[PDB]
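Chemist:
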Amino acid sequence: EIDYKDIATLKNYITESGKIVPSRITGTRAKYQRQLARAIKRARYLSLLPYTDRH
Amino acid sequence: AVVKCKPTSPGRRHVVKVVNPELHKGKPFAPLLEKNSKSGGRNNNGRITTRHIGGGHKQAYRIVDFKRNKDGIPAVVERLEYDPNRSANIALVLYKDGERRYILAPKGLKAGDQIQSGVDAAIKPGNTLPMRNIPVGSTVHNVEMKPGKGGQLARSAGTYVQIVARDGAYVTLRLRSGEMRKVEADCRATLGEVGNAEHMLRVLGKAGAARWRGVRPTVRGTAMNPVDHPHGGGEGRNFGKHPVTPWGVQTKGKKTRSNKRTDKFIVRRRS
Amino acid sequence: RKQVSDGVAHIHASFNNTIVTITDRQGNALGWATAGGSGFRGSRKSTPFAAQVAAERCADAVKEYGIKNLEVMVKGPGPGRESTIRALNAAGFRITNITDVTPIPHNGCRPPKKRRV
Amino acid sequence: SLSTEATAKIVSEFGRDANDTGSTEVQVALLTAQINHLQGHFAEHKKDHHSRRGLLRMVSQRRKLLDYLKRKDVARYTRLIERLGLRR
Amino acid sequence: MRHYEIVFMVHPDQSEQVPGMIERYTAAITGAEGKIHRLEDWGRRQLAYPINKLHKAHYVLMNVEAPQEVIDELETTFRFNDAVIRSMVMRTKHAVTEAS
Amino acid sequence: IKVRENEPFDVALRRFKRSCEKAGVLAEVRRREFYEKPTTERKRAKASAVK
RNA sequence: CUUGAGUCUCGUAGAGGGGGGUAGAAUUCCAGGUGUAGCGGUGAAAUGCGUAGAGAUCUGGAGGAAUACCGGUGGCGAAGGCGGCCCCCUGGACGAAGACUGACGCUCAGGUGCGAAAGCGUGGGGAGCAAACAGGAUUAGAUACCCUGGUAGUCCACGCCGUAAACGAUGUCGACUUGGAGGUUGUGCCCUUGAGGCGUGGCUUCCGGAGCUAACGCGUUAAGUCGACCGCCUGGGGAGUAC
RNA sequence: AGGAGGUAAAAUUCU
RNA sequence: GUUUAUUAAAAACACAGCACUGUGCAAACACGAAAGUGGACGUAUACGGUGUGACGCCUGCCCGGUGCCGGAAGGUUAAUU
Ligand SMILES: [Mg+2]
Ligand SMILES: [Mg+2]
Ligand SMILES: [Mg+2]
Ligand SMILES: [Mg+2]
Ligand SMILES: [Mg+2]
Ligand SMILES: [Mg+2]
Ligand SMILES: [Mg+2]
Ligand SMILES: [Mg+2]
Ligand SMILES: [Mg+2]
Ligand SMILES: [Mg+2]
Ligand SMILES: [Mg+2]
Ligand SMILES: [Mg+2]
Ligand SMILES: [Mg+2]
Ligand SMILES: [Mg+2]
Ligand SMILES: [Mg+2]
Ligand SMILES: [Mg+2]
Ligand SMILES: [Mg+2]
Ligand SMILES: [Mg+2]
Ligand SMILES: [Mg+2]
Ligand SMILES: [Mg+2]
Ligand SMILES: [Mg+2]
Ligand SMILES: [Mg+2]
Ligand SMILES: [Mg+2]
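The listed protein sequences correspond, in order, to chains AR, BC, AK, AO, AF and AU. Using PDB author numbering, the letters of the first sequence correspond one by one to residues 20 to 74. Using PDB author numbering, the letters of the second sequence correspond one by one to residues 1 to 271. Using PDB author numbering, the letters of the third sequence correspond one by one to residues 13 to 129. Using PDB author numbering, the letters of the fourth sequence correspond one by one to residues 2 to 89. Using PDB author numbering, the letters of the fifth sequence correspond one by one to residues 1 to 100. Using PDB author numbering, the letters of the sixth sequence correspond one by one to residues 4 to 54.
What follows is the structure, given as structure tokens:
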């Protein structure tokens, strides 16, 4: 959001297979649903949270 | 730089030069060169052992350092020079003790670049270590086959070996001949790719280009009579023969490697 | 053989003929038996039933080396997906864990054009 | 579009005071100033077609309003191009 | 002078090259009068997934103000150091000082 | 995907079996190319999925 | 003269364009470990792959191309068209206050430039896919549709080419006429008094009045009402052909 | 009660 | 450009360019019973061999035969025992 290191949260926006969550389910604001992706996806790049869930 | 030159005259028309604008214009460094007389491709016996060879320009030997044995001591690239004796270009270097040498110039360097050699001696283009001290994957040229025996592998213009394993006391390496081949790993090697890789973009363009390069007309085996070559005679443009060297052996396909003493060093051979 | 008792079953349901093998935990391997040259061959493979029986002939030769359990990761779409495990837990191996391993790209390579039956 | 600071300089001498930001003298000056620096951007890159499209607007507009004054207050132009650079 | 957020990470068996870095970066950004407004360091940390087949690796952070430079010749100092394993330099968005 | 579920029974479990992926994203990524007809899939899967 | 128009100011969102960087999943291949007679493929087959050991599985290593989820009658661009992440360069649009300018405009034959894919040149690159080509089927035939392969090419660089159902088949600008659901991005005011209360901008999707229409349909983003200027049509063919 | 995935193969002609 | 010195100067040979193929260096290859030597004080952007013959548009089908490059299961086989 205002932060991506918020790995604290986020985890309430990504499934038990490691998938980002549709904005129709999570029901989040649009302008800020993007701000989530460019920040969850930011954070999976430096392995604080995974892409997959099998390795 | 490659140039196409205009059709001022045929056999200029197809020409294509390689023009290197920071190759030192003028006379090479005297004390590092010695005479070098041509052969015609004729051996001590007097016979033509290799043919197509002879005639074409005079050519003084530059003594390049293929060993790079003087470790420590920085050396500075004073200038880049043309070399007749090979496609590659050389670099007159000045070791900080006053000694001077020639080295196969790699893709990188220019005037003023520092270089050196030794069991540490940095790790940039122009620097020489034992391969027991170069990262795997590292790109290298002027490779040694037996340590202390100077560089033999990948010396031609724009040429290179990449090291590609370590396997213990040898060090498997692949030569863009396509062949991977273990080698004793105390064997040295210089960082970088070599020489103006632009070399192969030349076109020559006329016959005389080749003549003054040393090389000499090649005459077909069917242009001849059957006493001259096994591609026989004719009676008007004829063949019907399994292609062959003048001495009888098949050309095309006929593998002719024999050396089992080294077959223990080849691991995957070119294709 | 040497008897572990703790192993795993790798199952590949390609569709067209559907296959299953078994290995040890770090993933060595010891037994195919598979729907193809084994109870027909042709459209009467690639059937769920054939996966059942494909699991059985596996079972009936994947014993020894202990095994009395197994992790069971599974590769495929279509028939034989479940019906193997359905017969595996019936032959009496304690179904420890199951897993997806069907390869999903992040769209990576072109797939093959033009096919209307 | 250059720096928010920049252009601060160029409104003087061209303009009668700061925040006199609308005399045809300044925009022209603002344009040229960008264009000139901005020709560097198209040295490198150069296959950046789209960015160029914006450029020519600057050039079109510049020229369009450099022609406007030619009709009003003669030699209010011949006191600025040489003051700047361009009449090719 | 615009702000950047930096967050590199270097492999386990050379964590303790820690401060050896930071200082020269301060010499590199004090030498370009740009106050960093919050530093952090948090070594031992496990990974979402292995890398080069290795779990765990040392981390850091920043939010430095600096010239649109140094990051030129710094973002490239992560282009030697076979030592360091990953990086990221971020946008800006005003200053930074709390989260963690 | 990776499933463990606790304790006593045998049922392969999960009315959430078609969890996130398999059956579906494998059809798509498998069949073949597209480019023009995911645009037709678009103005149909939500030209109809209006009301 | 300031209201059309532009300039300055602080910001906004954006897959706008160009450069360099890096991640992650899969396909293919290289080397091994275990492992044994089948794999693959179809409507059914067979070609092909496998007893030097395939397919399955594990570990390791190459290399190329594309960015799952976000993703959506979502945004962005003049159009073509643009989707992982990261910094550098840069374009445009929009909002708000006020400041300057003072008609600086609109349109545009000529002219200039941009312009999907395939295609061309020089080289480099090549994992997948796949014109051509080959083999397996299919069939009366099968130069096809289906299957095993497969080169150009698809990728990069630099220079060509300049066409698409390049379409909304709807030229650009401005002004004027009931409405309903939204989507999305700003911003002014009022107990943060909510994820607000009350407004006001730009874009945008569906429905629909009047009116228009040959009808289909269009319907404030017009095909309604007007005006400026440009391009174009005058029966089917011949022909977007010949010179 | 939503989504998902799989269900028709080839087969010409009529002053 | 070269060539039948002394009846043939040509459309013949050479040519730059193209391709096939062999060569990891004690290279292939050649001259040498050998030693040694050329190749080369070069190192696959190299060197040898064969065919083609600037350039432009291009270079189709055929591996049964003869060659050459791979093979192993066997069948057949040398000296030898
Ligand atoms: Mg030749
Ligand atoms: Mg020849
Ligand atoms: Mg003759
Ligand atoms: Mg003879
Ligand atoms: Mg004849
Ligand atoms: Mg692997
Ligand atoms: Mg890779
Ligand atoms: Mg901008
Ligand atoms: Mg263009
Ligand atoms: Mg193209
Ligand atoms: Mg091309
Ligand atoms: Mg047209
Ligand atoms: Mg279109
Ligand atoms: Mg409507
Ligand atoms: Mg309305
Ligand atoms: Mg209208
Ligand atoms: Mg025409
Ligand atoms: Mg019919
Ligand atoms: Mg008939
Ligand atoms: Mg002549
Ligand atoms: Mg004569
Ligand atoms: Mg040759
Ligand atoms: Mg000829």
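Quick reminder that beta carbons are idealized off the backbone N, C-alpha and C, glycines included.
BC:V194 and BC:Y160 - do their beta-carbons sit closer together than 8 Å?
Modeler: Their beta carbons are under 8 Å apart, which means BC:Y160 touches BC:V194 by this criterion.
Chemist: For chain AU, check one thing: does any of its Cβ atoms lie closer than 8 Å to the Cβ of AR:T28?
Modeler: Output row for AR:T28: interface = no.
Chemist: Tell me, which residues are paired with AK:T33 by DSSP?
Modeler: Beta-bridge pairing links AK:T33 to AK:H22.
Chemist: What do you reckon, are the CB atoms on AK:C70 and AK:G43 nearer than 8 Å?
Modeler: In this structure, AK:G43 lies closer than 8 Å to AK:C70 by Cβ.
Chemist: Apart from the five residues on each side of it in sequence, which residues of its chain come closer than 6 Å, Cβ to Cβ, to AK:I31?
Modeler: Only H24 and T46 meet the Cβ criterion.
Chemist: Among the residues of its own chain, which have a CB less than 7 Å from the CB of BC:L94, if the five just before and after it don't count?
Modeler: These residues qualify, in order along the chain: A75, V76, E78 and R100.
Chemist: I'd like to know whether the C-beta of AF:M9 is nearer than 8 Å to at least one C-beta of chain AR.
Modeler: It does; some Cβ of chain AR falls within 8 Å.
Chemist: Can you list, in chain order, every residue whose CB sits closer than 6 Å to a heavy atom of ligand 4?
Modeler: Output, sorted by chain position: BC:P226 and BC:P230.
Chemist: Going by C-alpha to C-alpha distance, which of BC:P230, BC:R176, BC:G178 and BC:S156 sits closest to BC:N196?
Modeler: Per the Cα distances, BC:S156.
Chemist: Taking the alpha helix (DSSP H) that AO:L56 belongs to, which residues open and close that run?
Modeler: Residues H50 to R72.
Chemist: Within 10 angstroms of the Cβ of AF:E33, are there 16 or more other Cβ atoms? Answer buried if so, exposed if not.
Modeler: Result: exposed.
Chemist: Ends of the alpha helix (DSSP H) at AK:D72?
Modeler: AK:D72 -> alpha helix (DSSP H) spans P60 to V74.
Chemist: In the structure shown, what three-state DSSP assignment does BC:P130 receive?
Modeler: Looking at BC:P130 - three-state DSSP - the assignment turns out to be strand.
Chemist: Can you find the residues in the same chain that come closer than 7 Å, C-beta to C-beta, to BC:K4, ignoring five residues on each side of it along the sequence?
Modeler: Contacts found: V16.
Chemist: Please list, in chain order, the residues of the stretch 51-67 of chain AF that have any C-beta partner in chain AR closer than 9 Å.
Modeler: Those residues of the stretch 51-67 of chain AF that come within reach of chain AR (Cβ to Cβ, closer than 9 Å) are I51, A57, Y59 and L61.
Chemist: Do BC:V136 and BC:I163 have their CB atoms nearer than 8 Å?
Modeler: Yes, the Cβ-Cβ distance between BC:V136 and BC:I163 is below 8 Å.
Chemist: Give me, in chain order, the residues of the same chain whose beta-carbon lies closer than 7 Å to that of AK:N29; leave out the 5 immediate sequence neighbours on both sides.
Modeler: Correct list, in chain order: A47, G48, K57 and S58.
Chemist: Grouping DSSP H, G and I as helix and E and B as strand, with all else coil, what is BC:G178?
Modeler: If DSSP states are grouped into helix, strand and coil, BC:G178 belongs with coil.
Chemist: What are the boundary residues of the beta strand (DSSP E) that BC:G151 is part of?
Modeler: Segment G151 to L153, the beta strand (DSSP E) holding BC:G151.
Chemist: With a threshold of 6 Å on Cβ separation, who are the neighbours of BC:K67 within its own chain once the five nearest residues in sequence on each side are excluded?
Modeler: Answer for BC:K67: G150, listed in chain order.
Chemist: Near BC:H229, what residues of its chain come up, given a Cβ to Cβ distance below 6 Å and the 5 sequence neighbours on each side ignored?
Modeler: Once the five neighbours on either side are set aside, the close Cβ partners of BC:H229 are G221 and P246.
Chemist: So is the beta-carbon of BC:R220 under 7 Å away from any non-hydrogen atom of ligand 2?
Modeler: Yes; taking the cut-off as 7 Å, the Cβ of BC:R220 has a heavy atom of ligand 2 nearer than that.
Chemist: Are the CB atoms of AO:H38 and AO:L3 nearer to each other than 8 Å?
Modeler: Taking 8 Å as the Cβ cut-off, AO:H38 and AO:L3 qualify as a contacting pair.
Chemist: Tell me the DSSP bridge mates of BC:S39?
Modeler: The partner list for BC:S39 (beta bridge, DSSP) is empty, contrary to what the question assumes.
Chemist: Let me check you understand the geometry: is the CB of BC:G240 closer than 7 Å to at least one non-hydrogen atom of ligand 3?
Modeler: Flag unset: Cβ of BC:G240 not near ligand 3.
Chemist: Quick one: give me the first and last residue of the beta strand (DSSP E) that AK:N109 is part of.
Modeler: Looking at the DSSP string, the run of the beta strand (DSSP E) that includes AK:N109 is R106 to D112.
Chemist: Just how far apart, CA to CA, sit AO:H42 and AO:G55?
Modeler: Taking the straight line joining both Cα atoms gives about 13 Å.
Chemist: Are the stretch 36-52 of chain AU and the stretch 107-119 of chain AK touching by the rule of at least three beta carbon pairs closer than 8 Å?
Modeler: Flag = no, the stretch 36-52 of chain AU and the stretch 107-119 of chain AK do not touch.
Chemist: Using the three-state DSSP reduction, which class does AR:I39 fall into: helix, strand or coil?
Modeler: AR:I39 falls in the strand class under three-state DSSP.
Chemist: Whether or not the stretch 58-76 of chain AF and the stretch 18-34 of chain AF are in contact is what I'm after, with contact meaning three or more pairs of Cβ atoms, one per stretch, closer than 8 Å; do they touch?
Modeler: Yes, they touch.
Chemist: Could you please give the first and the last residue of the uninterrupted beta strand (DSSP E) stretch that includes BC:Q116?
Modeler: From DSSP, the beta strand (DSSP E) with BC:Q116 extends over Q114 to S117.
Chemist: DSSP on AF:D72, reduced to helix/strand/coil?
Modeler: DSSP places AF:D72 in helix when its eight states are reduced to three.
Chemist: Please list the terminal residues of the continuous alpha helix (DSSP H) segment that includes AF:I22.
Modeler: Unbroken alpha helix (DSSP H) run through AF:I22: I22 to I29.
Chemist: List the endpoints of the continuous beta strand (DSSP E) containing BC:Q162.
Modeler: Per DSSP, BC:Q162 belongs to the beta strand (DSSP E) from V161 to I163.
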